[PDB]
Structure formats: C-alpha cells, structure tokens
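**Student:** Chains as they are written, first to last, in our numbering: chain A, 702 to 760; chain B, 86 to 167. Below is one structure. I have some questions about it.
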Ligand SMILES: *[C@@H]1O[C@H](CO)[C@@H](O)[C@H](O)[C@H]1NC(C)=O
Ligand SMILES: [Ca+2]
C-alpha cells in the first residue's frame, strides 16, 4: 500500500546500519550474501560481480 | 617517469618514427607497435606466439570466434565484460 513511516528521499536507499545511502555503495545480497559494492567473484564456470546493489552473474 | 627525447633505443627497443608516424619495434621480443597522427594503436606480432597470447587483442589462433578467453579463461559471448 501507500504506507506511513520514516523514509528518506528517493535518491537515498536504506542501508543496514540505520543510515540510508545512494545506490552506489548499496551492497548486493546474492544468495543472501552481503557483497560489498565492488566484488569480483567467480567459479571456473560462473562469473559474477556486484555493481550497484544488483549482482551481475554470467556463465 | 623521466620524459626522454626521441629517437630512443634502450634495452633492445628502438623507438623511432616512420613515414611521419611513431613506431616502437621489439624485434628481439617479436613485436612491432606504432601509432599514427590521429591515434590508432597497431600491433604486428610474430607467429611465435601462435595460440600462446591472450589479452585484449584476442589469441593468435586461426579462429575468430573463440578469441574472448578471459583472464581466467572463459569463452564469454560479450565483447564488453571481456
Ligand atoms: C591452443 O593450445 C591449447 C593448449 O594450451 C590447446 O588445447 C588448443 O587446442 C590449442 N589450439 C590451437 C588453436 O592450436
Ligand atoms: Ca582468435
């Protein structure tokens, strides 16, 4: 719905530590795993990184 | 960091100009690089590295489809993340 509470402006997204942050350093939660904003990351066979809050995997 | 003049020939690398365009020859190490006035890198490389090298200019094999084998070694369809 259109709920009521404490938000912060749309340029800012909520971080775990009570602050909210722009999406630049907004970590990724791939598999739940809290990747830092720049994490290059891959098996032999997959290839994955965290860009901006989204986790870009490939194969 | 020390700006040197030109031509320049230290360590077996002759840094010369050819046809008004700058050249770097590494014939001992089996390559020739150059640049034009507009700025267009070119690398002539010896067949000694045939299916040896791997970088941004792809492998020196015959095939022209497989030459995105990443720093790990992964055939990636994308010409960008590679
Ligand atoms: C290139 O060398 C690899 C071994 O490093 C070999 O498996 C492959 O078949 C070779 N391909 C060509 C183009 O010779
Ligand atoms: Ca090739």
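Don't be surprised by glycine CBs; every beta carbon is placed ideally from N, CA and C.
Can you grab the Cα-Cα spacing for the pair residue 131 of chain B / residue 90 of chain B, in whole Å?
**Tutor:** Their Cα atoms are separated by approximately 28 Å.
**Student:** Considering only the beta carbon of each residue, do residue 736 of chain A and residue 727 of chain A sit closer than 8 Å?
**Tutor:** No, these two residues do not count as a Cβ contact at 8 Å.
**Student:** Pick out the complete beta strand (DSSP E) segments inside the region 110-164 of chain B, 3 residues or longer, and give them in chain order.
**Tutor:** Here the runs fully enclosed are 116-120, 127-130.
**Student:** Taking Cβ-Cβ distances shorter than 7 Å, what residues in chain B pair up with residue 756 of chain A?
**Tutor:** Within 7 Å Cβ-Cβ: nothing; residue 756 of chain A doesn't reach chain B, min ~14 Å.
**Student:** Which residue marks the beginning of the beta strand (DSSP E) containing residue 759 of chain A, and which one marks its end?
**Tutor:** Start and end: 756-759.
**Student:** So residue 740 of chain A is in the beta strand (DSSP E); what residue range does that whole segment cover?
**Tutor:** From DSSP, the beta strand (DSSP E) with residue 740 of chain A extends over 740-742.
**Student:** I'd like to check one pair, residue 98 of chain B with residue 115 of chain B: are the Cβ atoms closer than 8 Å?
**Tutor:** Their beta carbons are not under 8 Å apart, which means residue 115 of chain B does not touch residue 98 of chain B by this criterion.
**Student:** Quick one: is residue 715 of chain A near chain B, going by C-beta distance under 8 Å?
**Tutor:** It does not: the Cβ of residue 715 of chain A has no partner Cβ on chain B nearer than 8 Å.
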